[PDB]
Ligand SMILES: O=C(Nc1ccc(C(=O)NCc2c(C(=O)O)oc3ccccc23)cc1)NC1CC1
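Listed next as structure tokens is one chain, alone, in the form solved without the ligand.
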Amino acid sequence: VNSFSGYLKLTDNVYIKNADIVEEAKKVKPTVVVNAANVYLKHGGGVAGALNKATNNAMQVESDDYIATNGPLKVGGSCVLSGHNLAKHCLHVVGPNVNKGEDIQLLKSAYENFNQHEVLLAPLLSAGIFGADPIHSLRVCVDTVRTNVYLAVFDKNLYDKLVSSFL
């Protein structure tokens, strides 16, 4: 049994809810929240900008030190950093950004990072300002992630379309 409330069950392991991931993290304090990161961990906008704002920029400060030591992530890659006030850990995952022309086949690689964690609160990778089709992102998630994933979808309209169209 876990803390997550109000989710619709899509599969054995994937759950979905219309929710602000920031407000959901603040309530649940999950072991892992996933950030929709870029390779530079520059948390300017979208989910990343919202998570970082909720940490009062501490996520960005920590991320800048990580990049200064390790260099950029790979598209499809990830790193584990602090969850600050939102979670124990933040798994920063880089999905391909279609608005940069990145290979959408890297979306499966991005979701494979979730399998290193038994339970996660996450957004749909490559959705929103990363430009991919969220319906496609949900399908890759279901077909890739085997651990227990609780997906937060900010937009109610999109939430209803994802559920109605789910096979």
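From 1 onward, residues are counted along the sequence shown.
Visitor: Tell me which of 144-152 and 15-23 has the higher mean C-alpha B-factor in the deposited entry.
Guide: Looking at the record's C-alpha B-factors, the answer is 15-23.
Visitor: With reference to the PDB entry, specify whether the mean Cα temperature factor is higher for 4-12 or for 157-165.
Guide: 157-165 has the higher mean C-alpha B-factor.
Visitor: For the listed 32, 129, 48, 104, which has the peak Cα B-factor recorded in the PDB entry?
Guide: By C-alpha B-factor in the record, 104 ranks first.
Visitor: Going by the entry, which of 119, 98, 59, 39 has the most elevated CA B factor?
Guide: Among 119, 98, 59, 39, the PDB entry lists the largest C-alpha B-factor for 98.
Visitor: Where does residue 28 sit by CA temperature factor within its chain: lowest, middle or highest third?
Guide: Its C-alpha B-factor, which the entry lists for residue 28, ranks in the highest third among residues of this chain.
Visitor: Based on the deposited C-alpha B factors for this chain, I'd like to know if residue 74 is in the lowest, middle or highest third.
Guide: Ranked within chain, residue 74 CA B lands in the middle tercile.
Visitor: What third of its chain, lowest, middle or highest, does the C-alpha temperature factor of residue 84 fall into?
Guide: Middle third, going by the recorded CA B-factors of the chain.
Visitor: Can you tell me whether residue 112 has a C-alpha B-factor in the lowest, middle or highest third compared with the other modelled residues of the same chain?
Guide: Its C-alpha B-factor belongs to the lowest third of this chain's values.
The protein also exists as the form deposited with the ligand bound; that form is not presented, and the subsequent description refers to it.
Visitor: For the unliganded chain shown, is the site open or blocked after superimposing the ligand from its bound pose in the deposited complex, using a cut-off of 2.4 Å to backbone and C-beta atoms and a threshold of 3 ligand atoms?
Guide: Result: blocked.
Visitor: Determine whether any heavy atom of residue 143 comes within 4.5 Å of a heavy atom of the ligand in the deposited complex, and answer yes or no.
Guide: Result no; residue 143 lies far from the ligand in the deposited complex.
Visitor: Can you tell me whether residue 15 touches the ligand? I mean in the deposited complex, with a 4.5 angstroms heavy atom cut-off.
Guide: Result no; residue 15 lies far from the ligand in the deposited complex.
Visitor: Contact with the ligand in the deposited complex for residue 63, defined as at least one heavy atom pair within 4.5 Å: yes or no?
Guide: Flag for residue 63 set to no.
Visitor: Hey, in the deposited complex, does residue 149 get a heavy atom within 4.5 angstroms of the ligand?
Guide: Contact check for residue 149: no, nothing within 4.5 Å of the ligand in the deposited complex.
Visitor: Do any residues of 32-60 have a non-hydrogen atom within 4.5 angstroms of the ligand in the deposited complex? If so, which ones, in sequence order?
Guide: Residues within 4.5 Å: 46, 47, 50.
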